[PDB]
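Structure first, commentary second.
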Amino acid sequence: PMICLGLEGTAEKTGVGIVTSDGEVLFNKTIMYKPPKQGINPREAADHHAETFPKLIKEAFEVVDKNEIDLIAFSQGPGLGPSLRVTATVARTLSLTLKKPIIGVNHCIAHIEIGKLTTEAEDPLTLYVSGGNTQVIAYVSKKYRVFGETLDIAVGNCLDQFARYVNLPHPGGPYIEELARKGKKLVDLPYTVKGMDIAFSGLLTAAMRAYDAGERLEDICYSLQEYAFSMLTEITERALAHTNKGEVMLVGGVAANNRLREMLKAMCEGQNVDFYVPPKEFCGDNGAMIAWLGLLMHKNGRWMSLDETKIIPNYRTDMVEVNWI
Amino acid sequence: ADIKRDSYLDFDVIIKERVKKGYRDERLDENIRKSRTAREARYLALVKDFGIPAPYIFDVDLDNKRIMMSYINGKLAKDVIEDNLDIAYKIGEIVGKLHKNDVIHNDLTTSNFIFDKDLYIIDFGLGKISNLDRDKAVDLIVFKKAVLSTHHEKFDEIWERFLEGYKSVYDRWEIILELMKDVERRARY
Amino acid sequence: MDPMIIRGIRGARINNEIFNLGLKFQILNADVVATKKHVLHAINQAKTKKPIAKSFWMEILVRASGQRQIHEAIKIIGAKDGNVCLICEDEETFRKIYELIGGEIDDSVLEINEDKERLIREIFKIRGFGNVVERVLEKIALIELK
Amino acid sequence: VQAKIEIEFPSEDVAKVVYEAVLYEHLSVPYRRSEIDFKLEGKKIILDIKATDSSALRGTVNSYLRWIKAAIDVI
RNA sequence: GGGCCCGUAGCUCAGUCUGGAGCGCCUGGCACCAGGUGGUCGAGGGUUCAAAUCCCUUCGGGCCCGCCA
């Protein structure tokens, strides 16, 4: 069993994992970051990775010997720049400390791969929604391609700033999910589906204008929640119609909100298709996904040269030589 | 949005109904189907004022959220643009005036431009009125993304011919193109 | 259903008192109605679409005028001497209207001509590519929009 | 504005490891806000950064501190 | 036909008798809050020591009574 250590530094949740080629995760740990919701000329908040990667790696050292592993994979991209650099430098350090092969791994594609392994799906159309990266991606012409993506703000960032103005402490995900359980009036907001894409600035601006009038908290919470989730479900439906696939996946931290899951279940029930979401251990930011995709890349012979493992903060999903069908 | 083609004794009718979406709240579902069929009818009719060919509207009904229009026995743009590159120039043509009068088809693609005898713009399911340059730029971005994801093999020539037609019919194309370049790069730092 | 009767009468005489006779009919300018398609579409919508005018047979004028307003619809599609078009259902009412107005019975006026084309275009503010008969059909179709 | 950073290591081998690990990352920046030289001298590493901007210089030196600390704390 | 509020930065609304905050943004960096270069205000007419600003007509568009043949 080719043991691999994977590292996740794409966003505010550091992840360290080790996995095997048989299809199981030997170890996986995550640790989030909670910022004070803002910052002016701010120091980088990705240093949390630089602090907890040593701790998580040492804990992995206690659970498994530091020489036991065989390969290493780091989240090359896409993601926050400095955090990607931190996980890259840590992976290189471990790789040529142990003198082991290293590989850069696409964060999104790792999300799809773990969503596939944790579930029965074979080649699903993914809806990867998170704090700063929401997009639907498909396997077309031996490539993961972005079909519909936001244009202004991701769903996670949208809910984050909505909770910021509601002043629900971060994370505001479950807070909004529960506060919207009793929303009564469907506040008028701008519904927008620009082709495959989505705009989210207008939704937030309308919510802010409504809260200037000081309307009911739960009502606007429910209105924004339903509006955003309906827009995402609509672009997912039209992307699925474009693909004419049979399986759809939902990945990313924001998928913790159960109403998105129920909405997608209703959509697929009406469209006679099946649908999955990875568990929280694989529905956030963790090193297990990067480790798994590094093993997948190196198993079929796609070796990775150490020098050209340079990261790309704007790492598009269609610049990965996918050769594992 | 199901379409039924019927042959009335003097009318060639196509009834397009906007089926409700189970995943959405029935309140918001009804509201959005009503507003969307209203906007589609009004804009697809107002585009005739431009000279831009479009299907004729025989009647509408918001309460039943349906539009029954003049059916066209043609083929989709994508199924024919592969074997004919001139309809990209024609798309540039009939989008130039459409953008000139500041009405935006926020669903511009190469899949809803029927070619039976001419180029019919058969869908403003998301048409809007706005003078905002950002809306026009994002509409152009959506069209470019659609032509990419559909015909990557010929994207360059297809977009060049479309832009040639557009600049032939529209005169302020330079500023919207530079906004296109400035906005399509808005990914990360 | 009773097939409604539409007649294009040349040589028209204006007589307001007919409208006070309690007769279910409507009279319009025959040179503005495009063809039988125009009146058929207006009648069909006034039958189906939610009533908005104060009278059904005046709703016929409201529909075929393509305008909810009546105050200017009477101005723009009101009957004019020389040629008119009458829609009704009663043979006795037809005879009474024909006697009170006079003229010749010839439906062939439903055919459109270049002068009719220009008159329709200047009346309905139509400026765009499209055959005028179905363009006017559409212009009638979209009364029920804000 | 010049900035010289010296980093010491327990052994020459560890110094070579951290140098090779941060070598690619030094070249992995698509655009550098400041000129940077990153070199190895036996059991030491020297980071020489020339910048005309103080804020970006501080950001770069803090990022180098982060990556070097992570590298040395891996073992 | 007759009322209503209206029509003010290029997109956001007061400034009415009592005659500029907004926003790609010049002003900070990895959304967040401070600076503003950028309006002289539906059209026309009369009043004016100073008129969107006192009044009238028209132009759309939204809204009430609509008043029909």
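Labels used: A, B, ... for chains in the order of the structure tokens, numbers from 1 for residues in each chain, and numbers from 1 for ligands as shown.
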All residues 12 Å or closer to residue 81 of chain B, only C-alpha atoms (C1' of nucleotides), same chain fewer than 3 positions away omitted, as a PyMOL selection string: chain B and resi 75-78+84-91+109-115+119+147+150-151+154-155+157-159+161-162
Write out as a Markdown table the residues of chain E that have any atom within 12 Å of an atom of chain D, one row each with the nearest atom pair and its distance in Å to one decimal, counting only C-alpha atoms (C1' of nucleotides), sorted by chain and then rising number.
| residue | atom | partner | partner_atom | distance |
| --- | --- | --- | --- | --- |
| E:28 | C1' | D:55 | CA | 10.6 |
| E:29 | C1' | D:55 | CA | 8.6 |
| E:30 | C1' | D:59 | CA | 9.3 |
Fewer than 4 positions away in the same chain doesn't count, so skip those; otherwise give me all residues within 10 Å of residue 175 of chain B, counting only C-alpha atoms (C1' of nucleotides), as a VMD selection string. chain B and resid 133 137 171 179 to 181
Segment 49-145 of chain B: residues DSSP assigns to alpha helix (DSSP H), reported as a ChimeraX atom specification
/B:77-81,86-100,133-145
Those selected residues, please, written with C-alpha atoms and delivered as a short mmCIF file (atom, residue, chain, number, x, y, z; two decimals), in the first residue's frame.
data_model
loop_
_atom_site.label_atom_id
_atom_site.label_comp_id
_atom_site.auth_asym_id
_atom_site.auth_seq_id
_atom_site.Cartn_x
_atom_site.Cartn_y
_atom_site.Cartn_z
CA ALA B 77 -27.75 27.54 -33.59
CA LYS B 78 -25.23 25.08 -32.14
CA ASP B 79 -26.36 22.27 -34.47
CA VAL B 80 -25.73 24.56 -37.46
CA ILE B 81 -22.93 26.94 -36.40
CA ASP B 86 -21.66 33.13 -40.85
CA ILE B 87 -24.39 32.88 -38.22
CA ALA B 88 -21.80 34.03 -35.69
CA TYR B 89 -21.57 37.23 -37.73
CA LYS B 90 -25.38 37.34 -37.76
CA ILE B 91 -25.42 36.89 -33.97
CA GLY B 92 -23.06 39.85 -33.76
CA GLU B 93 -25.47 41.77 -35.99
CA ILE B 94 -28.65 41.07 -34.03
CA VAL B 95 -26.89 41.54 -30.69
CA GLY B 96 -25.39 44.90 -31.65
CA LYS B 97 -28.70 46.74 -31.90
CA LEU B 98 -30.12 44.72 -29.00
CA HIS B 99 -27.32 45.99 -26.76
CA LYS B 100 -27.51 49.44 -28.37
CA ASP B 133 -22.24 48.76 -18.54
CA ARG B 134 -21.52 46.03 -15.97
CA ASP B 135 -24.66 44.11 -16.95
CA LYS B 136 -23.71 44.36 -20.63
CA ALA B 137 -20.17 43.21 -19.84
CA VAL B 138 -21.33 40.21 -17.83
CA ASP B 139 -23.78 39.34 -20.62
CA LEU B 140 -20.84 39.35 -23.05
CA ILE B 141 -18.87 37.22 -20.57
CA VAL B 142 -21.73 34.71 -20.36
CA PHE B 143 -21.93 34.49 -24.15
CA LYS B 144 -18.16 33.98 -24.40
CA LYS B 145 -18.25 31.29 -21.71
#
Could you check which of E:31, E:52, E:69, E:13 is closest to residue 157 of chain A, using only C-alpha atoms (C1' of nucleotides)?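 Going through E:31, E:52, E:69, E:13 one by one, the smallest distance to residue 157 of chain A is for E:31.
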| message | At a cut-off of 7 Å, using only C-alpha atoms (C1' of nucleotides), what residues contact segment 36-50 of chain E? Leave out same-chain residues fewer than 3 positions from it and give the result as JSON, numbers by chain. | response | {"E": [7, 8, 9, 19, 26, 54]}
Emit the selected residues as a PDB file, in the first residue's frame, including N, CA and C atoms (P, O5', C5', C4', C3', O3' and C1' of nucleotides).
ATOM      1  P     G E   7     -38.818  63.794  -8.195  1.00  0.00           P
ATOM      2  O5'   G E   7     -38.844  63.241  -9.687  1.00  0.00           O
ATOM      3  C5'   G E   7     -38.365  61.936  -9.991  1.00  0.00           C
ATOM      4  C4'   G E   7     -37.933  61.826 -11.432  1.00  0.00           C
ATOM      5  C3'   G E   7     -37.019  62.948 -11.919  1.00  0.00           C
ATOM      6  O3'   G E   7     -36.088  62.426 -12.865  1.00  0.00           O
ATOM      7  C1'   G E   7     -39.005  62.925 -13.209  1.00  0.00           C
ATOM      8  P     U E   8     -34.641  61.928 -12.372  1.00  0.00           P
ATOM      9  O5'   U E   8     -34.110  63.128 -11.469  1.00  0.00           O
ATOM     10  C5'   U E   8     -33.610  64.317 -12.062  1.00  0.00           C
ATOM     11  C4'   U E   8     -32.426  64.859 -11.301  1.00  0.00           C
ATOM     12  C3'   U E   8     -31.591  63.836 -10.552  1.00  0.00           C
ATOM     13  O3'   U E   8     -30.684  63.150 -11.397  1.00  0.00           O
ATOM     14  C1'   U E   8     -32.004  65.700  -9.156  1.00  0.00           C
ATOM     15  P     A E   9     -30.055  61.741 -10.951  1.00  0.00           P
ATOM     16  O5'   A E   9     -28.499  61.931 -11.220  1.00  0.00           O
ATOM     17  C5'   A E   9     -27.821  63.094 -10.756  1.00  0.00           C
ATOM     18  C4'   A E   9     -26.508  63.289 -11.467  1.00  0.00           C
ATOM     19  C3'   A E   9     -25.970  62.042 -12.158  1.00  0.00           C
ATOM     20  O3'   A E   9     -25.219  62.424 -13.310  1.00  0.00           O
ATOM     21  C1'   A E   9     -24.467  62.710 -10.463  1.00  0.00           C
ATOM     22  P     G E  19     -36.774  81.713   0.807  1.00  0.00           P
ATOM     23  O5'   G E  19     -35.652  81.077  -0.127  1.00  0.00           O
ATOM     24  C5'   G E  19     -35.547  79.670  -0.292  1.00  0.00           C
ATOM     25  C4'   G E  19     -35.239  79.307  -1.722  1.00  0.00           C
ATOM     26  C3'   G E  19     -34.146  80.125  -2.394  1.00  0.00           C
ATOM     27  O3'   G E  19     -32.842  79.677  -2.070  1.00  0.00           O
ATOM     28  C1'   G E  19     -36.016  79.979  -3.830  1.00  0.00           C
ATOM     29  P     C E  26     -10.307  56.320  -8.779  1.00  0.00           P
ATOM     30  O5'   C E  26      -9.087  56.686  -7.821  1.00  0.00           O
ATOM     31  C5'   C E  26      -7.839  57.123  -8.345  1.00  0.00           C
ATOM     32  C4'   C E  26      -7.290  58.270  -7.535  1.00  0.00           C
ATOM     33  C3'   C E  26      -7.362  58.091  -6.025  1.00  0.00           C
ATOM     34  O3'   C E  26      -6.277  57.344  -5.500  1.00  0.00           O
ATOM     35  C1'   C E  26      -8.293  60.176  -6.595  1.00  0.00           C
ATOM     36  P     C E  54     -41.669  76.542  -5.116  1.00  0.00           P
ATOM     37  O5'   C E  54     -41.886  78.116  -5.019  1.00  0.00           O
ATOM     38  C5'   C E  54     -42.995  78.651  -4.313  1.00  0.00           C
ATOM     39  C4'   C E  54     -43.981  79.312  -5.241  1.00  0.00           C
ATOM     40  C3'   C E  54     -44.640  78.410  -6.273  1.00  0.00           C
ATOM     41  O3'   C E  54     -45.722  77.661  -5.747  1.00  0.00           O
ATOM     42  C1'   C E  54     -43.890  80.387  -7.321  1.00  0.00           C
TER      43        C E  54
END
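Using only C-alpha atoms, the chain C residues found within 8 Å of chain B amount to residues 49, 126, 127, 128, 129, 130, 134, 135, 137, 138, 141, 142, 144 and 145 of chain C.
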From a DSSP calculation on the backbone, collect every residue of segment 16-76 of chain C in strand (DSSP E) and output the set as a ChimeraX atom specification. /C:25-29
#### Entry: Contact residues (chain A, partner chain E, 6 Å, only C-alpha atoms (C1' of nucleotides)) as a list in words
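Going by the stated atoms only, the list reads residues 38, 39, 41 and 42 of chain A.
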Margin query: Distance cut-off 7 Å, counting only C-alpha atoms - which residues of chain D neighbour chain A? Return them as a list in words.
Written below: residues 17, 18, 21, 22, 24, 25, 28, 66, 67, 70, 71, 73 and 74 of chain D
Write the selection just made, keeping N, CA and C atoms, as a compact mmCIF listing (two decimals), in the first residue's frame?
# COMPACT_ATOMS: atom_id res chain seq x y z
N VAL D 17 17.85 20.60 3.15
CA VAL D 17 16.45 20.23 2.99
C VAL D 17 15.56 21.47 2.93
N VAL D 18 15.73 22.39 3.88
CA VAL D 18 14.88 23.57 3.88
C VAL D 18 15.19 24.46 2.68
N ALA D 21 13.43 22.89 -0.25
CA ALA D 21 11.98 23.02 -0.11
C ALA D 21 11.51 24.43 -0.45
N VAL D 22 12.24 25.45 0.01
CA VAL D 22 11.83 26.83 -0.25
C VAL D 22 12.37 27.35 -1.58
N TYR D 24 11.82 26.07 -4.72
CA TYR D 24 10.72 26.10 -5.67
C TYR D 24 9.69 27.15 -5.27
N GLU D 25 9.39 27.25 -3.97
CA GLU D 25 8.41 28.22 -3.51
C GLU D 25 8.86 29.65 -3.79
N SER D 28 8.01 29.93 -7.11
CA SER D 28 6.59 29.65 -7.31
C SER D 28 5.72 30.90 -7.26
N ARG D 66 7.19 32.64 8.07
CA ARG D 66 6.18 31.59 8.19
C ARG D 66 6.66 30.29 7.55
N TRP D 67 7.11 30.37 6.30
CA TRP D 67 7.47 29.15 5.58
C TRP D 67 8.70 28.49 6.19
N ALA D 70 7.66 26.80 9.44
CA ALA D 70 6.97 25.55 9.14
C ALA D 70 7.96 24.47 8.71
N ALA D 71 8.92 24.84 7.86
CA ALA D 71 9.90 23.88 7.37
C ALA D 71 10.72 23.30 8.51
N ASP D 73 9.93 23.24 11.65
CA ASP D 73 9.07 22.56 12.62
C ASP D 73 8.46 21.28 12.07
N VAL D 74 8.62 20.99 10.78
CA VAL D 74 8.18 19.69 10.26
C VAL D 74 8.90 18.56 10.99
Across A:193, A:102, A:217, A:263, the smallest distance to residue 151 of chain A, with only C-alpha atoms counted, is shown by A:193
Contact residues around residue 322 of chain A with only C-alpha atoms (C1' of nucleotides) at 9 Å, ignoring same-chain residues under 2 positions, as a compact mmCIF listing (two decimals) with N, CA and C atoms, in the first residue's frame:
# COMPACT_ATOMS: atom_id res chain seq x y z
N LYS A 142 -12.19 14.37 -21.15
CA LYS A 142 -11.08 14.02 -20.26
C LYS A 142 -10.53 15.26 -19.55
N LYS A 143 -11.43 16.09 -19.03
CA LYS A 143 -11.00 17.29 -18.33
C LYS A 143 -12.13 17.74 -17.40
N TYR A 144 -11.77 18.15 -16.19
CA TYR A 144 -12.72 18.83 -15.32
C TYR A 144 -12.82 20.29 -15.74
N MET A 297 -3.06 10.40 -8.95
CA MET A 297 -2.20 10.92 -10.01
C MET A 297 -0.94 10.08 -10.17
N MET A 319 -6.79 23.07 -16.26
CA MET A 319 -5.36 23.00 -16.49
C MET A 319 -4.74 21.85 -15.70
N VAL A 320 -5.45 20.72 -15.63
CA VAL A 320 -4.97 19.53 -14.95
C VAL A 320 -5.07 18.36 -15.91
N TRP A 324 -6.85 9.50 -15.28
CA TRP A 324 -7.32 8.34 -14.54
C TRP A 324 -8.76 7.98 -14.88
N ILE A 325 -9.31 8.56 -15.95
CA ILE A 325 -10.69 8.34 -16.42
C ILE A 325 -11.69 8.17 -15.28
field: Shortest interatomic distance to chain B - which of E:63, E:23, E:55, E:11, counting only C-alpha atoms (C1' of nucleotides)
entry: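 The shortest atom-to-atom distance to chain B comes from E:11.
Near chain B, within 8 Å and using only C-alpha atoms, the residues of chain A are residues 81, 147, 151, 186, 193, 194, 195, 196, 197, 226, 230, 233, 263, 264, 266, 267, 270, 313 and 314 of chain A.
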Note to self: Just want the 9 Å neighbourhood of segment 2-6 of chain E, counted on only C-alpha atoms (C1' of nucleotides), with same-chain residues fewer than 5 positions away dropped. Output as an MDAnalysis selection string.
What the structure shows: chainID E and resid 63:66
Margin query: I'd like the interatomic distance between atom CA of residue 6 of chain C and atom CA of residue 50 of chain C, to a tenth of an Å.
Written below: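 Answer for the atom CA of residue 6 of chain C to atom CA of residue 50 of chain C separation: 22.9 Å.
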